[PDB]
Structure formats: structure tokens, C-alpha cells
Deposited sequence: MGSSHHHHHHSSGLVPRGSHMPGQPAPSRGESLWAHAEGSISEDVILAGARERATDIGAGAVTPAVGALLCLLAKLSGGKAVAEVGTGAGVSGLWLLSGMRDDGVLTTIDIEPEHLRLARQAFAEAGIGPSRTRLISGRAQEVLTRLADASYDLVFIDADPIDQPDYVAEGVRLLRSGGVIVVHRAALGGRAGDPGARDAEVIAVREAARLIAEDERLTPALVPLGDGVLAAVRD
């Protein structure tokens, strides 16, 4: 527990991220912790960082962290059902100086958007929308990953009969039994499940 607090407390954020967090709490949208963000940046950088897809833009906190680990020519495709959240995220990306060609924001239900994105074309897929939908996102997410890509599920550790906890464990099951995936659970924020494809 002291180990966990030490890790969470390891990271400080700039004024842009602070502005994005303020907007996240106003709209009642979650936001990953700074230490989760640092991990997302590391994993984007390890993954190659050219094409990253995000399910659940929020106010752009996770997107800013992912972009700081991506290549200059990299494109973050981020998906949200709420146009208002997308507008706030686009503002944060603008305030950070992110070139407009490095982000592609898509308004809609991610269960439908993901099907339209090209198989084996993405270096990292980050899943951070409703946990009850994690199983659908994992099935579609894994298909988008090229060889050596990483799928990253936030809220991976969340009554043992709840419909939402059934979905989280069922998604962890999908990853644990997929022979093409090499996974590790990371106790940061609400819990991060990461897995590399073969």
C-alpha cells in the first residue's frame, strides 16, 4: 500500500494537464491518475507510437499522456459517445500545441466505430469507457493490433455477481486465454491490464 502511494505520488503534471483535469471533473468524466498517464506514455513509446486508438476520450487527460509518448507523425484516434467531451479534449490538445494532423476524434458508440477501423493497423489500443463493455472492446481491440502492439485496459481490477464485475472478469478471461497475447496486470489508478500481441 505504501508502495502504491509512492508510485502514484511519483509524477507531477504541467498546467495544460491541470486544465484538462478541471474540465473532466466539471463534466463528471473520469480521468486516469498521473501515474497511470506516465505508464500509458511509456507503453505508447514501447509500442512504436505511430497509430494509437483510444476508447473513451473524456476531457483528454489520457490522450495528452499517450501523445507525449507517440511519434511526431503519430496519430491518436480517440472515440467518445459525447461530442461535448470531444470538444473539451480537442481544446486541451490545442492548448498543448498538438498538431491537428496528430489527432483524429470520432463521435459515436465505440462498439460500432472500432469495427470500421483497419485490422492489424494500430500500435496501441487503450480501453477506458464503461467497464460493462470491456469484453466487446477487447475482442475488437485485439483485432486492430499489429504484431508487437499493446492493448491496455483501464479499470481492470474493479459483489462478485454484479453485471459490471462479470464483464470485467470476462474481459480479463478473454485476454488471459488468448494465446496471441502476453499480459501483465499493473496496480495503478483503477488497475491497468496490458498485453502485447504476437
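Comparing the deposited sequence with the modelled residues shows gaps at 1-30, 189-195, with numbering starting at 1.
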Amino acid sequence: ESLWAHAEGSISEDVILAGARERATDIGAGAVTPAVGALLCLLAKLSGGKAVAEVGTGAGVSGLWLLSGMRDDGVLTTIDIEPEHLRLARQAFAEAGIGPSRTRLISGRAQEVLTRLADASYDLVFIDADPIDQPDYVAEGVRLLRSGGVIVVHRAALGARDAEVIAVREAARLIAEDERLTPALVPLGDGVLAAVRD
From here on, numbers count along this sequence of modelled residues.
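Between 18-26 and 183-191, the higher mean Cα B-factor belongs to 18-26. Two stretches are in play, 168-176 and 33-41, and the higher mean C-alpha B-factor belongs to 168-176. Each of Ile151, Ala59, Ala163, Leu66 has a CA temperature factor in the record; the biggest one is found at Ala163. Among the modelled residues of its chain, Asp123 has a C-alpha B-factor that falls in the middle third, as given in the PDB entry. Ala110: CA B factor lies in the lowest third for its chain, per the PDB record. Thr78: CA B factor lies in the lowest third for its chain, per the PDB record. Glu54: CA B factor lies in the lowest third for its chain, per the PDB record. Among all modelled residues in its chain, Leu117 ranks in the middle third by Cα B-factor.
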